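Quick note, the sequences are listed as chains B and A, same order.
To get the deposited numbering, take the position in the first sequence, counting from 1, and add 1.
Quick note on numbering: the deposited numbering labels position 100 of the second sequence as 100, and the sequence is numbered without any gaps.
Okay, structure first, notes after.
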Amino acid sequence: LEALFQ
Amino acid sequence: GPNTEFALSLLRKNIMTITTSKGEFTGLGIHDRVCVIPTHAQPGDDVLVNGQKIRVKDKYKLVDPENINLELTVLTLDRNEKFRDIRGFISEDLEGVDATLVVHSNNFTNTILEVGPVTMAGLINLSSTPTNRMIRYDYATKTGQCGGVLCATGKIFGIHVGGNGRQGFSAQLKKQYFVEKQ
């Protein structure tokens with residue numbers, strides 16, 4: 002996954 | 001109940017708004033004078049803790065033992081008002097497939113969001129940056145919630161670091177990484 006900073 | 005009790009308790013006792021370059025973030029004080037804040041938050045030389053401008057004493061970007069980003073910026077300040085040792089609740093073995101997210105960041109300051117089922121994704125990319133020990137919870141989350149404390153009564157899992165689609169992603173704060181530090 003390339004989850005993004007939130 | 002006791003879960004929400006812990007959340008609202010932790011929030012008021014060791015959680016404080018740390019305003020830095022990327023904005024307001026959930027400052028999770030581990031103990032005494034050390035607190036953890038996301039790396040993407042961009043903590044600098046001086047941060048605003050609850051509006052109080054305090055200079056950094058030691059800023060250590062905690063990376064994973066596999067020499068990969070862990071994303072926890074160990075922000076050590078010469079803290080006058082020492083934090084309570086909540087490190088006992090920080091777990092290496094979570095066993096808390098039921099977690100609650102306490103957001104105290106830029107988009108939601110003081111917002112208890114129960115995420116429900118929490119699992120782990122292992123190793124993935126976080127903002128195109130490989131990051132280790134990523135937590136995955138099936139709960140639609142967005143920007144602004146990052147920095148929030150993922151916890152349950154008796155277990156601190158870590159902090160919300162980001163998300164991918166409808167799955168939120170947090171950093172797994174394993175007791176091992178903090179119990180050793182002094």
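Positions of the beta carbon are idealized from the N, C-alpha and C atoms, including for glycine.
Q: Could you tell me which chain B residues have their CB closer than 9 Å to the CB of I124/A, listed as they occur along the chain?
A: Working through the second sequence from its first residue, we reach residue 124/A at position 124. Those are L2, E3 and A4, listed as they occur along chain B.
(Q) Against chain B, with Cβ distances strictly below 7 Å, would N164/A count as a contact? (A) Indexing the second sequence from 1 puts residue 164/A at position 164. Answer yes: the Cβ-Cβ gap between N164/A and chain B drops below 7 Å somewhere.
Q. Can you give the Cα-Cα distance for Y177/A and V74/A, rounded to whole angstroms?
A. Indexing the second sequence from 1 puts residue 177/A at position 177. Indexing the second sequence from 1 puts residue 74/A at position 74. Going from the Cα of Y177/A to the Cα of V74/A covers about 11 Å.
(Q) Based on DSSP bridge pairs, tell me the residues matched to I37/A. (A) Translated into the one-based positions of the second sequence, residue 37/A becomes position 37. Answer by DSSP bridge pairing, in chain order: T73/A.
Q) Between the segment 104-120 of chain A and the segment 79-89 of chain A, do at least 3 Cβ pairs fall closer than 8 Å? A) no
Q. Hey, which unbroken runs of the beta strand (DSSP E) at 3 residues or more fall wholly within the segment 78-129 of chain A?
A. 98-104 and 109-126
Q. Between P38/A and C146/A, which are expected to be in contact by the criterion C-beta below 8 Å, what is the C-beta distance as a whole number of angstroms?
A. Here the question's residue 38/A lines up with position 38 in the second sequence. Here the question's residue 146/A lines up with position 146 in the second sequence. Contact holds; Cβ gap of about 6 Å.
Q. Counting contacts by CB-CB distance shorter than 7 Å, is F108/A in contact with chain B?
A. Position 108 of the second sequence, counted from the start, is the residue given in the question as residue 108/A. Output row for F108/A: interface = no.
Q: Output, in chain order, the set of chain B residues within a Cβ distance shorter than 9 Å of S21/A.
A: Reading the second sequence from its first residue, position 21 is the one you call residue 21/A. By Cβ distance, chain B contributes nothing, its closest Cβ being about 13 Å from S21/A, past 9 Å.
(Q) Within 10 Å of its beta-carbon, does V179/A have 16 or more other beta-carbons around it, so buried, or fewer, so exposed? (A) Position 179 of the second sequence, counted from the first residue, corresponds to residue 179/A. Exposed: under 16 other Cβ atoms inside 10 Å.
Q) Fully enclosed by the segment 1-26 of chain A, which beta strand (DSSP E) runs are 3 residues long or longer? A) 15-20
**Q.** Span of the alpha helix (DSSP H) around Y177/A
**A.** Position 177 of the second sequence holds residue 177/A. First-last of the alpha helix (DSSP H) with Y177/A: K175 to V179.
Q: Could you name the residues of the same chain whose beta carbon sits closer than 7 Å to that of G158/A, not counting the 5 residues immediately before and after it, in chain order?
A: Counted from its first residue, the second sequence places residue 158/A at position 158. Cβ neighbours of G158/A beyond the five flanking positions: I135, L150, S170, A171, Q172 and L173.
Q. Which residues bound the beta strand (DSSP E) around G165/A?
A. Against the second sequence, residue 165/A aligns to sequence position 165. Premise fails: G165/A is in no beta strand (DSSP E) and is neither H nor E.
Q: Could you say which of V47/A, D138/A, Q52/A and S91/A lies nearest to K22/A if we only look at CA atoms?
A: Your numbering for residue 22/A matches position 22 in the second sequence. If we check each option's Cα against that of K22/A, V47/A comes out closest.
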